[PDB]
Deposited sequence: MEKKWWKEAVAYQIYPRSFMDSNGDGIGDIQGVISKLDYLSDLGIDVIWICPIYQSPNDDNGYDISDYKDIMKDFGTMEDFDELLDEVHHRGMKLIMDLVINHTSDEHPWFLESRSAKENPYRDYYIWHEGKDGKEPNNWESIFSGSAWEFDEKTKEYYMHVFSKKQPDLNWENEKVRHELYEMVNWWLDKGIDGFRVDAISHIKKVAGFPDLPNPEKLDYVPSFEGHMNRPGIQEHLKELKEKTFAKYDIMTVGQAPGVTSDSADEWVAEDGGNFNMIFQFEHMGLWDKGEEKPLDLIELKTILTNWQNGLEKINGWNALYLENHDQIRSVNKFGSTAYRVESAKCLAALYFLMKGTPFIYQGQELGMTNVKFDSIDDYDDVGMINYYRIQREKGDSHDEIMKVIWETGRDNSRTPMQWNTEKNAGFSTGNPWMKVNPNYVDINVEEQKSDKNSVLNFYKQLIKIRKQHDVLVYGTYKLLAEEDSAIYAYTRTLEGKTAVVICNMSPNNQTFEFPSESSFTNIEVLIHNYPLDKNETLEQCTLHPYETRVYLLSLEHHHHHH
């Protein structure tokens, strides 16, 4: 059945890096308000804003110390209320980031929990006595080091999947769950339009927290088999839905690593799924194009079978830039557009991450002091102590680190690319002199205007929202081609995902080119497409 959230195009803002309105180098809510014309003109329907709640910022808002107050760096609740009012008067919607696997260690519940074994908040978090004079088990944090941190006062360890300042909440405690549901409903009562639900596949821990294998005798071992998508999680997520989301006309997208296309039914089926869609991570870990076709096609066909719906994306605040990960910096403009048509025109709701629509790319800062990510700074400290060299650590940070997606948004060629009049919290990528909103708005051939046109064709042609996906030319190691079919219309999406010229055989009573990123050759025959590197074309056929 048709739904507003299926038809939408979403845009993800990382507010610390979107727009600084007051010169302190930190993006803020009045900065977002000042750029709403940009998003409305792009054609965005839904804005997902990353966390904006009170936080010490050990993990840039994902360590929350008050769920009901706004981060001071970003503004006040009055600024939030102005943002939501202006978004809604522009006919757009706003979803917030719901972070309920863990809190800050400065949240009042944790300050109480850590104070005594008998404090009434003790069991709001995950506490355990050590084993053999060390931690309760051998589990590694996702941000490196142990997943357990010792409290000298009470002589027990608390669990943190993420940073030492992000103690995990104990979802086995009914009192925790009840306080969380009241908080979620307090936000929904304000008239927000839903949530992106952070780290939500991590809320169930294997009981007893058993050690995992360690044949290499590492200090700690990766611990996803102890806490990622574990049996028992669905009971908690079904109750979360019944007590909160199901009471409101909203959209939910869960961040759900560890879910595969054949295990997705309980997450996203129309009949009984806990969210409307999830971010799945199987495609985010020459490029093996056939492997990518396999993953994305498994999710297109798999969710069509269960009446689920895909969240389509190639970028977010936790990944490197998609030109580097999936395209080519030697063909930056052409590959940015080719990737855009490829991912955006599958069946699902597309998400655009800030700067993806400009073709922004990874940065390379010379010094570890120029980086911020708690995960990579802890990785550096831990690996340096083990004897890894500075150079080998920097290669990991430069090639894989999510700070590549957190540099200031590139609005123009003024100081700091127009993101701030002060000293940005993270330096601007030097390539803003070439890559910026102002230059792209005036260039018909820009990446930005290619995204504007994708959004327009998807809105104008129902086949691009609701049409059935089918993979074409599966064994072609260069060409990713697929169709969308609805009634008497078929759209053909052709993407030459290679840095070479290629030829491709086109797979009706009328044919139209809907978008293309190279000039068309009038002598070219439809039958024998001669594609340039990273050339994409979308055709609409009337059957």
{"property": "Where the deposited sequence has no C-alpha coordinates (positions from 1, in order)", "result": "1, 287 to 294, 517 to 520, 557 to 563"}
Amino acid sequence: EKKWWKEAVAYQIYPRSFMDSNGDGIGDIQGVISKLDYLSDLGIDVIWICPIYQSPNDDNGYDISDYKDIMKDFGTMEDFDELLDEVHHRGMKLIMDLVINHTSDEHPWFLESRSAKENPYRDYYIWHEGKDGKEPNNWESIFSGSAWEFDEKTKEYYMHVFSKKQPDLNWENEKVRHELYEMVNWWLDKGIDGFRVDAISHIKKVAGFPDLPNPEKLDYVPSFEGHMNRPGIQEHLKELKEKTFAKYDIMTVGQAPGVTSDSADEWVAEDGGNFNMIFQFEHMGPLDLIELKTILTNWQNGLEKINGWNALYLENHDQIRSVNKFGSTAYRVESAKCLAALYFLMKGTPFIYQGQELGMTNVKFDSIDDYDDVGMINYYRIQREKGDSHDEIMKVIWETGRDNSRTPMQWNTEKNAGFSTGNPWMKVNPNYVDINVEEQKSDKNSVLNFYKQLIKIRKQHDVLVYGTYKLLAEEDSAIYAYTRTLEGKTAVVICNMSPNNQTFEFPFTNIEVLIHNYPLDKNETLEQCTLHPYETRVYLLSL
From here on, numbers count along this sequence of modelled residues.
{"query": "Average Cα temperature factor in the PDB entry - higher stretch of 17 to 25, 516 to 524", "finding": "516 to 524"}
{"query": "Mean C-alpha temperature factor, higher of 417 to 425 and 310 to 318", "finding": "417 to 425"}
{"query": "From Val323, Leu342, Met284, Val253, residue of greatest CA B-factor", "finding": "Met284"}
{"query": "Maximum C-alpha temperature factor, selected from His390, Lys190, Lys93, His102", "finding": "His390"}
{"query": "Chain-wide C-alpha B factor ranking for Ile511, given as lowest, middle or highest third", "finding": "highest"}
{"query": "Modelled-residue ranking by C-alpha temperature factor, third containing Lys165", "finding": "middle"}
{"query": "Lowest, middle or highest third - CA B-factor, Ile49", "finding": "lowest"}
{"query": "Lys6 CA temperature factor, ranked by third within the chain", "finding": "middle"}
{"query": "Third of the chain's Cα B-factor distribution that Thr503 belongs to, per the entry", "finding": "highest"}
